[PDB]
Amino acid sequence: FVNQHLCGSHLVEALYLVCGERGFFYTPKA
Amino acid sequence: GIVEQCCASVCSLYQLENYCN
């Protein structure tokens, strides 16, 4: 599900699912 | 950055995992 264009809430959802209890950082400007 | 790599272009697991804590 990760190997596609992932934009906005879809990108944050993929980070959420992939990173699990690690959490993640979402920095769209940088 | 993540938008250029994963939104404007096709994402990958290697690249997404780089944003995990």
# chains A, B, ... in the order shown; residues from 1 in each chain; ligands from 1
call {"tool": "interface_residues", "arguments": {"of": "chain A", "to": "chain B", "cutoff": "8 Å", "atoms": "only C-alpha atoms", "output": "PyMOL selection string"}}
result
chain A and resi 2-8+11+15+18-19+22-30
call {"tool": "select_by_dssp", "arguments": {"residues": "chain A", "states": "helix (DSSP H, G or I)", "output": "PyMOL selection string"}}
result
chain A and resi 9-22
